[PDB]
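Given next, in structure tokens, is a single chain: the form deposited in one PDB entry.
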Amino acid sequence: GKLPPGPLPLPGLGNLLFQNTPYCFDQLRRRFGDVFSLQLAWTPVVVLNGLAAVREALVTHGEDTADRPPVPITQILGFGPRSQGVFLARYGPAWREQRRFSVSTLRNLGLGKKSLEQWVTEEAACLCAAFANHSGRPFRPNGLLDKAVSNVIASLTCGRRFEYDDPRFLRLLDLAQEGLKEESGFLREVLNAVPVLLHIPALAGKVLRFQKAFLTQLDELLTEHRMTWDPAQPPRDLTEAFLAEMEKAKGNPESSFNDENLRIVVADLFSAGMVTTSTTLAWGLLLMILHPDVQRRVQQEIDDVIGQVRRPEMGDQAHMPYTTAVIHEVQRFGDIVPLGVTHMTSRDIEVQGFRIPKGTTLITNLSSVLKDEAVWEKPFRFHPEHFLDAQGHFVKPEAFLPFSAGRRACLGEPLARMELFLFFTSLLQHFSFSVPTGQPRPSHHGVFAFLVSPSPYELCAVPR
């Protein structure tokens, strides 16, 4: 077929002609259409916009678009054929085994005595207390949200939480957010393109110094956890399930259950689960002080269904359509992963009539789905009625894809939903939130850095 249209590529730079990327892509779509081509660096890229283009690539041709672009520098992090974690794992057996293991482990920990929900519920109480200690004073909520959300992954993975002032916990979070910044920069581009340049210790010890330090701190926690593990008892957490799997797999060089993969898998869940759920909650509180009327309506629904004393539970969610709408609207408007995570074609395919060669990097423009003017009533406004009908029933349109779609769609979504509902409703249950007086109305526009964070703001949290 015909290759997707796009801007004429320069001789050597191509289409290279960061902080404003999601805006630039919205301009190219209106200019060239829902499926267009770019030559970013030395990589051939196809951008997909709208639900139809994204679905066709990820669902209809799901088998041919489930791969990731190779990332040579991950060799520095201990990556190998049977140890690719989940997130950046090439499509194949090493990815599928670990994908099925996390999906299933999350499922099992979410059933029975409901340990995940219990961990989340306790973490919310801790988060509430930490908020109450700021009573009367404006503060940035971001740090505390990070800690609460990081402890939930800590609970999932190592069966413990950490105190909010614990030294190692703090360094761990610090290294994780520094490591995120290392995802951006020209360096990793050149290094992934010309991997032989990695033999220069100057460049190799710089490209992933924070992620490598992040992993070092994790090992120390895994080493401790390995001492306390009781293999005579059912696995309490994901690391123990993994460890048990690793024992059975001793002698099998085909297994992806090994020590090198364990640290990558745990780091993946932290990386994937921290900044997303936290940033989203940070969007949520911002939108609640920018729109206090919505806040009050949520608080009314909370009193009528839950009360001012009892802790929110997940069974409440089905009886709180307005709060559910709002939380979905926080995700849709917040749009925290506008360009998602890159896929690669493992086979020539057809999308919207155009030919996509094998080995093409696909960018799924999720933002273009969440903000589609054809689908949403007022996509650039915060509008909880995007998820309500006239009767007040919660409705989830198909264009709600903040977790992407197909085989690689967020494996964390059920946990994320749980965290968003329990943290959000718990906070609004006990506190009224507002902009501090004599401070400027905070911007509803985010800052892009792969992830989109709300603009820095402070709030007041007043007990109810």
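Residue positions are given as counts along the sequence shown, with the first one as 1. Definition used throughout: the rigid core is the maximal C-alpha set that superposes within 1.5 Å between two forms.
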Query raised in the report: Checking the other PDB entries that cover both flanking residues: does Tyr23 lack coordinates in at least a third?
Result: no
Requested in this report: Could you tell me how many residues of the deposited sequence sit unmodelled between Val447 and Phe448 (none, 1 to 3, 4 to 9, 10 or more)?
Outcome: none
Query raised in the report: Higher mean Cα B-factor in the deposited model: 114-122 or 331-339?
Result: 114-122
Requested in this report: Give the stretch, out of 292-300 and 361-369, with the larger mean C-alpha temperature factor in the deposited entry.
Outcome: 292-300
**Report entry** Largest Cα B-factor, entry values, listed residues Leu388, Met314, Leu285, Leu109
**Finding:** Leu109
Query raised in the report: In this PDB entry, which of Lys250, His134, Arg100, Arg236 has the top CA B-factor?
Result: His134
**Report entry** Chain-wide C-alpha B factor ranking for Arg161, given as lowest, middle or highest third
**Finding:** lowest
Query raised in the report: When the modelled residues of the chain are sorted by Cα temperature factor, does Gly438 land in the lowest, middle or highest third?
Result: highest
Report task. Select lowest, middle or highest to describe the third in which the CA B-factor of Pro44 falls within its chain in this entry. Result -> highest
Query raised in the report: Among the chain's modelled residues, which third holds the C-alpha B-factor of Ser404?
Result: lowest
Query raised in the report: Based on the entry's values, in what third of the chain does the Cα temperature factor of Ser453 lie: lowest, middle or highest?
Result: lowest
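Keep in mind that the form deposited in another entry is not shown, yet the notes after this line are about it.
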Query raised in the report: Superposing on the core, which single option in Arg160, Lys114, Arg82, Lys206 has a CA shift of 2 Å or more between this form and the one not shown?
Result: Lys114
Query - Core-aligned C-alpha movement of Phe380 between this form and the one not shown reaching 2 Å - result: no
Report task. Align on the rigid core first; then say whether the Cα of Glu183 has moved by at least 2 Å between this form and the one not shown. Result -> yes
Query raised in the report: Which way does the C-alpha gap of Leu111 and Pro402 go in the other form, closer or farther, given it changes by 3 angstroms or more?
Result: closer
Query raised in the report: How does the C-alpha distance between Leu111 and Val86 change in the other form compared with the present structure, closer or farther, given a change of 3 angstroms or more?
Result: closer
